[PDB]
Amino acid sequence: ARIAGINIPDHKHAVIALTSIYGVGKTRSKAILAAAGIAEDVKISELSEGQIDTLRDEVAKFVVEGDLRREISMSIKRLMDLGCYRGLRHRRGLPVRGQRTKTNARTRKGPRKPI
Amino acid sequence: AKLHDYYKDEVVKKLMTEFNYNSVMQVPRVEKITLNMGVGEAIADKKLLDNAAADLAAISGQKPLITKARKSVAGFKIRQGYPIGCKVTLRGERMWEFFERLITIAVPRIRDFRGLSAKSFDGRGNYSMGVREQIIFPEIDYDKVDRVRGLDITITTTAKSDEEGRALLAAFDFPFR
Amino acid sequence: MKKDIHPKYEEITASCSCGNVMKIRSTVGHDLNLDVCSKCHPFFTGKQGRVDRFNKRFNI
Amino acid sequence: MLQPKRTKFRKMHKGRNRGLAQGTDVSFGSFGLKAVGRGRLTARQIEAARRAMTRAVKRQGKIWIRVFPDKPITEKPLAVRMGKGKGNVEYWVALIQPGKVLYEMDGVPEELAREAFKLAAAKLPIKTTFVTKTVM
Amino acid sequence: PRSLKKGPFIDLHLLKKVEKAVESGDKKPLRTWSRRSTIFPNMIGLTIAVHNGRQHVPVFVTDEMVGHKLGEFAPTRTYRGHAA
RNA sequence: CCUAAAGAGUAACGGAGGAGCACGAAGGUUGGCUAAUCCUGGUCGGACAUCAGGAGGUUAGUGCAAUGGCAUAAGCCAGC
RNA sequence: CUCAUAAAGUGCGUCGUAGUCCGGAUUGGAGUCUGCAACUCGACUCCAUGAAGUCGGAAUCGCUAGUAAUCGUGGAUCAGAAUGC
Ligand SMILES: [Mg+2]
Ligand SMILES: [Mg+2]
Ligand SMILES: [Mg+2]
Ligand SMILES: [Mg+2]
Ligand SMILES: [Mg+2]
Ligand SMILES: [Mg+2]
Ligand SMILES: [Mg+2]
Ligand SMILES: [Mg+2]
Ligand SMILES: [Mg+2]
Ligand SMILES: [Mg+2]
Ligand SMILES: [Mg+2]
Ligand SMILES: [Zn+2]
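Chains as they are written, first to last, in the deposited numbering: chain M, 2 to 116; chain f, 2 to 178; chain 4, 1 to 48, 55 to 66; chain l, 1 to 136; chain S, 2 to 85.
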């Protein structure tokens, strides 16, 4: 139903719902289901309330949502403030990981803009 | 109602203690709590105003004013007297039941909640606040909503200054940060 | 209070998963199941390095 | 060339220039050029006199111009019959009565102020005189 | 990155000069061309003039910022923008 | 409206603006209400849309020009 | 003897037409290996994120049989470093 302030889909499966949780993907959903002792093919509509509470407890032993969002934000802000080379690449809005910039780089450089 | 009982039973004498007043009704009260939702896209579509008015009736337990434009403004393409907002005012036992609802359901349900700003007072003791997603409110259900919507809340009180208002709200344990 | 325009409004029990029950006068009719209440929110309860990570990483 | 930036009305009646002026006291500075005769002052006359004062004193002290040409004067263009509408606005004047402190200045020695006022009075079309600030 | 078992990298001369700076106090900005080595808790709050291709840009090593590389503190490509 | 000289009136190819309508409610009465503007606070919302509070006191408004009016409102709202 | 268990296939289950259990770019953290050293400027693994993209205009290319098309594998270069050959 409600997990970590966001509402998962009900007509779907458990791993897909936990991937719809920001901060959790497929293998982390495997970890959550294994810790909960719940079969995967069990659907959200037939999950009981105590099972959902255990899921909440297990993601709270993990971390999701605004905690990870502000962690990423503080990290990028820290790099851009201290002004390293990754800081200047994030600063300019360019690829940071050494990709070419002759061509491509479009996801970092935004949509194409002519003269 | 139980919040009013909490007020009348402990909050008045607590206020007496740390402020050293001369009157149990120098102890401030909550004058009114009004709920606004500006649905200014009604000029684009008046029907989403009706849906929004139904949603605000759902939260308030009370039929809302469909409030109109005071004076025509060029930049937003509105004419004077055009319905662009919804409002309710809450008094008495409705103060207390809705404030109970807020302080015991809604602020735990705020997405990425870190407490409210204590600098949100207007300089005269009255508090105001803005809610971005009414879906944090259980008065409306998830899959029957049409658009994401927000609203804003003002608690107008008889407190003469901001420290008075924040002391009253801290007595109600309003989550300042 | 008028008659016959306000939305329909009776008492409702709500239950938060921390073992809490409360008594709320509302409009949705059915009872409420709650993820988190004021008695168990991390902010409300209050439960809400480079040199150290360097030493723990490359301790000599 | 002084002129109001905008006015309520474009043309104004001829009027009369009776009475004696107020503002007969040195107000801001100390040394003043005060009118004795009666007449109009063109904004060009004001500008020429002010230029003569400031470039005689060579930018010491400070200069106050206690009059402003608010009154528009019309002139009908040549070879035009009488009537067929009031003439177009041509220049602006200030009606000056006797005893109007026209110019005022401070921060300057007395002889230099007297000399600068002499040049100003030579540029003015009306009788003027030198006055000194009195404590009352 | 380096292996955990191989530890961090510092040049010998850089280690020597930063240590003598440590027991003999803050002198002039510490000249080096070693863009390659990493920083430790030893030069916290110290200014090091790193070569970048022609000159020695000074960088002020602080506590919050340890663990990274002087070479990526010192940019090498002077780029100001097209059509400027 | 001014010229028009503190009763009225008073010319010019004197100086400035308007009309050749509108409304069965924008009329009658009854009952109630008070503006402009600015500041602070607040979700989208920004200088300006909606709300709360404060200052202010008609600087608003008057179906349409200007003058003289108007709070007992002649201004705003509703019933008949 | 090692590289080296080939994949597509086949059998079953789920997904049920959705920007989706497609896509895997980008970005954050945590590592492994080579090499003196991986920041400018390597590859790979994990975790997290999940972008454009729903078959593409004028135009234009390859191919007549084990061919096109698709699916993998090896080698040269090389300490490491292929969507290239
Ligand atoms: Mg992944
Ligand atoms: Mg490359
Ligand atoms: Mg008369
Ligand atoms: Mg008369
Ligand atoms: Mg007569
Ligand atoms: Mg009345
Ligand atoms: Mg009337
Ligand atoms: Mg798209
Ligand atoms: Mg499709
Ligand atoms: Mg191949
Ligand atoms: Mg190789
Ligand atoms: Zn609870």
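Every residue gets a Cβ at the ideal spot worked out from N, C-alpha and C, and that includes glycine.
Is DSSP giving residue i helix, strand or coil here?
i: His6 (chain 4); result: coil
i: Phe74 (chain S); result: helix
i: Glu134 (chain f); result: coil
i: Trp34 (chain S); result: coil
i: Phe60 (chain 4); result: helix
i: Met1 (chain 4); result: coil
i: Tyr22 (chain f); result: coil
i: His57 (chain S); result: strand
i: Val60 (chain M); result: helix
i: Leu2 (chain l); result: coil
i: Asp106 (chain l); result: strand
i: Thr105 (chain f); result: helix
i: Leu83 (chain M); result: helix
Taking 8 Å as the threshold (beta carbon to beta carbon), is residue i in contact with chain S?
i: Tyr23 (chain M); result: no
i: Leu89 (chain M); result: yes
i: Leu83 (chain M); result: yes
i: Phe64 (chain 4); result: yes
Let me see if you follow: with CB-CB separation under 8 Å, is residue i close to chain M or not?
i: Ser17 (chain 4); result: yes
i: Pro9 (chain S); result: no
i: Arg95 (chain f); result: no
i: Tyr83 (chain f); result: no
i: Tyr128 (chain f); result: no
i: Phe41 (chain S); result: no
i: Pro76 (chain S); result: yes
i: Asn33 (chain 4); result: yes
i: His69 (chain S); result: yes
Residue j and residue i - do their beta-carbons sit closer together than 8 Å?
i: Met75 (chain M); j: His91 (chain M); result: no
i: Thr132 (chain l); j: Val36 (chain l); result: no
i: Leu5 (chain S); j: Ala22 (chain S); result: no
i: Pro72 (chain l); j: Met12 (chain l); result: yes
i: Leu119 (chain l); j: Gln45 (chain l); result: no
i: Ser26 (chain 4); j: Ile12 (chain 4); result: yes
Could you compute how far the alpha carbon of residue i sits from the alpha carbon of residue j?
i: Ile141 (chain f); j: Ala53 (chain f); result: 11 Å
i: residue 202 (chain M); j: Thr35 (chain f); result: No information on residue 202 (chain M) is available, as it lies outside the stretch 2 to 116 that chain M covers here.
i: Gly99 (chain l); j: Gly19 (chain l); result: 10 Å
i: residue 1 (chain f); j: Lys72 (chain f); result: For chain f, the structure presents residues 2 to 178; residue 1 (chain f) sits outside this window and is missing.
i: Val65 (chain M); j: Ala119 (chain f); result: 27 Å
i: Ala43 (chain f); j: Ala172 (chain f); result: 40 Å
i: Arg10 (chain l); j: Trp92 (chain l); result: 11 Å
i: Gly19 (chain 4); j: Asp51 (chain f); result: 39 Å
i: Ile49 (chain S); j: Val62 (chain S); result: 8 Å
i: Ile66 (chain 4); j: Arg79 (chain M); result: 28 Å
i: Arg32 (chain S); j: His57 (chain S); result: 7 Å
i: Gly55 (chain 4); j: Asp68 (chain M); result: 18 Å
i: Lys33 (chain f); j: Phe99 (chain f); result: 12 Å
i: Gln48 (chain 4); j: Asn43 (chain S); result: 34 Å
Using a Cβ-Cβ distance cut-off of 8 Å, determine whether residue i contacts chain 4.
i: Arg102 (chain f); result: yes
i: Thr158 (chain f); result: no
i: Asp64 (chain S); result: yes
i: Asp54 (chain M); result: yes
i: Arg92 (chain f); result: no
i: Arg71 (chain M); result: no
i: residue 1 (chain M); result: It is not possible to answer for residue 1 (chain M), since the shown part of chain M is limited to 2 through 116.
i: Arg93 (chain M); result: no
Counting contacts by CB-CB distance shorter than 8 Å, is residue i in contact with chain f?
i: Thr27 (chain 4); result: yes
i: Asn105 (chain M); result: no
Practice item. For the region 58–68 of chain l and the region 104–116 of chain l, state whether three or more C-beta atom pairs, one from each stretch, are separated by less than 8 Å. Key: yes
Point to revise | At least 3 beta-carbon pairs within less than 8 Å: the region 113–131 of chain l vs the region 74–81 of chain l | key: no
Review point. Are the region 38–45 of chain S and the region 67–81 of chain S touching, with three or more C-beta to C-beta distances below 8 Å?
Key: yes
Practice item. Count the CB pairs spanning the region 13–21 of chain f and the region 103–115 of chain M that are closer than 8 Å, and state whether there are at least three. Key: no
**Study point:** Touching by the beta-carbon criterion (3+ pairs, under 8 Å), the region 127–137 of chain f and the region 151–161 of chain f
**Key:** yes
Exercise for review: Pair every Cβ in the region 31–46 of chain 4 with every Cβ in the region 22–42 of chain l, then say whether three or more of these pairs are closer than 8 Å.
Suggested key: no
Check your understanding: If you pair each beta-carbon of the region 89–106 of chain M with each one of the region 17–32 of chain M, do three or more pairs fall below 8 Å?
Key -> no
Practice item. Take every Cβ of the region 41–49 of chain M, pair it with every Cβ of the region 9–21 of chain M, and state whether three or more of those distances are shorter than 8 Å. Key: yes
Exercise for review: Could you say if the region 49–56 of chain l and the region 34–46 of chain 4 meet the contact criterion of at least three C-beta pairs nearer than 8 Å?
Suggested key: no
Check your understanding: Taking contact to mean at least 3 C-beta pairs separated by less than 8 Å, is the region 56–73 of chain f in contact with the region 82–96 of chain f?
Key -> yes
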